[PDB]
Amino acid sequence: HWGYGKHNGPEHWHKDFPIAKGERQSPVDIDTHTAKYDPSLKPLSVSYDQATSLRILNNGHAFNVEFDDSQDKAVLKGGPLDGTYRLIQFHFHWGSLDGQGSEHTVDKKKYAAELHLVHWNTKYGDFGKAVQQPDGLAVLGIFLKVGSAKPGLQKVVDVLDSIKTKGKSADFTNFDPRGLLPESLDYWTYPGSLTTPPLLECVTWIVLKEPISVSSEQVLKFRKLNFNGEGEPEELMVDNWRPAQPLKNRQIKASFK
Ligand SMILES: [N]S(=O)(=O)[C][C][C][C]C123[B@]45[B@]67[B@@]89[C@@]1%10B81%11B698B746B814B562B%10%1143
Ligand SMILES: [Zn+2]
């Protein structure tokens with residue numbers, strides 16, 4: 001099945017998922033001098049004070065930190081969004097080297113990694129129904145550069161040894177995702193898709209301008225994860241990013257001047 005290798009990677013996905021060649025695919029290159037400032041855009045509202053993490057999972061493509069989304073707790077609203085979107089999970093995409101790893105690019109710059117905080121539109125009742133809708137998800141994307149450590153990331157880094165291989169999970173309670181945010185909530189936004197199969201065109205993308213800094217040691221520990229299951233030949237979980245896709249005349253809007 002699909003993955004990130006030479007034989008099953010992004011250039012192959014269209015054979016099982018023909019929407020891969022669709023009109024609103026993600027990620028994209030963000031051309032900062034073509035993105036227009038939109039004074040009608042609102043500040044983003046990120047309300048994570050009551051977020052309740054449950055578990056961390058290696059799904060063979062990345063690791064997901066999962067949240068209890070049974071009540072109205074950790075929500076994203078404002079910005080370009082109508083209504084309220086509930087946090088379900090976050091995950092990352094990263095490289096084999098510090099020069100690559102992000103999915104979105106900024107004037108063709110690749111960051112070392114990219115964090116995706118995934119939220120579903122509460123008007124559709126659950127995530128499975130939301131992904132069938134053009135406004136079903138809002139994904140908050142945050143770039144990572146290598147420099148100073150991110151203290152709020154370390155709890156995640158430290159549990160990775162316990163989920164090395166595909167299908168392993170571990171309890172992961174009381175993790176506060178506020179510790180992964182940069183200082184500024186300035187953003188770009190555009191309509192797009194999931195960046196992994198099934199590539200559904202259901203996402204309002206909100207990409208923060210300000211990267212977070214993580215240490216070399218932190219990202220090195222991401223690169224010790226495995227795509228394979230326990231008892232299978234080791235293949236390091238690196239370069240789990242889809243490259244930029246055609247913009248197809250979509251407009252990217254900026255919240256800032
Ligand atoms: N990389 S990304 O931020 O565009 C979303 C990555 C996985 C998308 C999924 B959607 B909901 B949850 C997870 B499971 B289920 B369906 B299934 B597809 B995958
Ligand atoms: Zn993602």
# chains A, B, ... in the order shown; residues from 1 in each chain; ligands from 1

call {"tool": "residues_around", "arguments": {"residues": "residue 50 (chain A)", "least_positions_apart": "5", "cutoff": "10 Å", "atoms": "only C-alpha atoms", "output": "VMD selection string"}}
result
chain A and resid 71 to 75 174 176

call {"tool": "select_by_dssp", "arguments": {"residues": "region 105-144 of chain A", "states": "alpha helix (DSSP H)", "output": "ChimeraX atom specification"}}
result
/A:127-130

call {"tool": "write_last_selection", "arguments": {"atoms": "C-alpha atoms", "output": "PDB file, in the first residue's frame"}}
result
ATOM      1  CA  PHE A 127     -14.645  13.370  11.757  1.00  0.00           C
ATOM      2  CA  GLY A 128     -15.770  10.637   9.341  1.00  0.00           C
ATOM      3  CA  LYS A 129     -18.677  12.729   8.117  1.00  0.00           C
ATOM      4  CA  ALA A 130     -16.632  15.931   8.112  1.00  0.00           C
TER       5      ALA A 130
END

call {"tool": "residues_around", "arguments": {"residues": "residue 217 (chain A)", "least_positions_apart": "4", "cutoff": "12 Å", "atoms": "only C-alpha atoms", "output": "MDAnalysis selection string"}}
result
chainID A and resid 98 146:150 153:154 157:158 213 221:224

call {"tool": "write_last_selection", "arguments": {"atoms": "C-alpha atoms", "output": "mmCIF file, in the first residue's frame"}}
result
data_model
loop_
_atom_site.group_PDB
_atom_site.id
_atom_site.type_symbol
_atom_site.label_atom_id
_atom_site.label_comp_id
_atom_site.auth_asym_id
_atom_site.auth_seq_id
_atom_site.Cartn_x
_atom_site.Cartn_y
_atom_site.Cartn_z
ATOM 1 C CA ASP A 98 17.511 19.421 8.173
ATOM 2 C CA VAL A 146 16.454 23.494 13.825
ATOM 3 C CA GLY A 147 17.954 25.750 16.471
ATOM 4 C CA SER A 148 17.025 26.066 20.145
ATOM 5 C CA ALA A 149 15.039 23.243 21.690
ATOM 6 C CA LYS A 150 11.253 23.493 22.068
ATOM 7 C CA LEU A 153 7.957 19.169 22.475
ATOM 8 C CA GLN A 154 10.223 17.126 24.768
ATOM 9 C CA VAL A 157 10.218 13.139 21.906
ATOM 10 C CA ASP A 158 10.686 11.075 25.025
ATOM 11 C CA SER A 213 12.542 26.161 16.775
ATOM 12 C CA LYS A 221 14.804 11.328 17.639
ATOM 13 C CA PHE A 222 11.921 11.662 15.120
ATOM 14 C CA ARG A 223 14.297 10.095 12.546
ATOM 15 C CA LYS A 224 14.851 6.981 14.737
#

call {"tool": "closest_residue", "arguments": {"among": "A:194, A:220, A:57, A:208", "to": "ligand 2", "atoms": "only C-alpha atoms and all ligand atoms"}}
result
A:194

call {"tool": "residues_near_ligand", "arguments": {"ligand": "ligand 2", "cutoff": "10 Å", "atoms": "only C-alpha atoms and all ligand atoms", "output": "VMD selection string"}}
result
chain A and resid 26 to 27 61 to 62 64 90 to 93 102 to 103 114 to 118 139 to 141 194 to 196 240 to 242

call {"tool": "atom_distance", "arguments": {"atom1": "CA of residue 81 (chain A)", "atom2": "CA of residue 22 (chain A)"}}
result
22.7 Å

call {"tool": "closest_residue", "arguments": {"among": "A:203, A:225, A:219, A:163", "to": "ligand 1", "atoms": "only C-alpha atoms and all ligand atoms"}}
result
A:203

call {"tool": "closest_residue", "arguments": {"among": "A:159, A:254, A:212, A:207", "to": "ligand 1", "atoms": "only C-alpha atoms and all ligand atoms"}}
result
A:207

call {"tool": "closest_residue", "arguments": {"among": "A:180, A:144, A:46, A:131", "to": "ligand 1", "atoms": "only C-alpha atoms and all ligand atoms"}}
result
A:131

call {"tool": "residues_around", "arguments": {"residues": "residue 67 (chain A)", "least_positions_apart": "3", "cutoff": "10 Å", "atoms": "only C-alpha atoms", "output": "ChimeraX atom specification"}}
result
/A:51-56,64,70,73-74,86-90,172-175

call {"tool": "residues_around", "arguments": {"residues": "residue 85 (chain A)", "least_positions_apart": "4", "cutoff": "9 Å", "atoms": "only C-alpha atoms", "output": "PyMOL selection string"}}
result
chain A and resi 74-77+81+118-123+136-138

call {"tool": "closest_residue", "arguments": {"among": "A:66, A:161, A:82, A:232", "to": "ligand 1", "atoms": "only C-alpha atoms and all ligand atoms"}}
result
A:66

call {"tool": "atom_distance", "arguments": {"atom1": "CA of residue 134 (chain A)", "atom2": "CA of residue 39 (chain A)"}}
result
23.7 Å

call {"tool": "residues_around", "arguments": {"residues": "residue 25 (chain A)", "least_positions_apart": "3", "cutoff": "9 Å", "atoms": "only C-alpha atoms", "output": "number ranges by chain"}}
result
A: 19-22, 28, 191-195, 199-201, 244-248

call {"tool": "write_last_selection", "arguments": {"atoms": "C-alpha atoms", "output": "CSV table (one decimal), in the first residue's frame"}}
result
chain,number,residue,atom,x,y,z
A,19,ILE,CA,-8.1,12.8,-6.7
A,20,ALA,CA,-4.3,13.2,-6.3
A,21,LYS,CA,-4.4,15.1,-9.6
A,22,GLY,CA,-7.4,17.2,-8.4
A,28,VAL,CA,1.4,24.0,-2.1
A,191,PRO,CA,-8.5,25.7,0.4
A,192,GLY,CA,-6.9,22.3,0.0
A,193,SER,CA,-6.8,18.6,0.8
A,194,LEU,CA,-5.4,15.9,3.1
A,195,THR,CA,-1.7,15.5,2.2
A,199,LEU,CA,-6.3,13.0,-0.3
A,200,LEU,CA,-9.8,14.2,0.2
A,201,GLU,CA,-10.5,17.9,-0.7
A,244,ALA,CA,4.1,20.9,-3.3
A,245,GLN,CA,1.2,20.4,-5.7
A,246,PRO,CA,-0.1,22.7,-8.4
A,247,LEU,CA,-2.0,25.7,-7.1
A,248,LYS,CA,-4.5,25.7,-10.0

call {"tool": "select_by_dssp", "arguments": {"residues": "region 13-240 of chain A", "states": "strand (DSSP E)", "output": "VMD selection string"}}
result
chain A and resid 29 to 30 36 to 37 44 to 47 53 to 58 63 to 67 75 to 78 85 to 94 105 to 106 113 to 121 137 to 146 169 to 171 187 to 192 203 to 208 212 to 214

call {"tool": "atom_distance", "arguments": {"atom1": "CA of residue 49 (chain A)", "atom2": "CA of residue 133 (chain A)"}}
result
27.7 Å
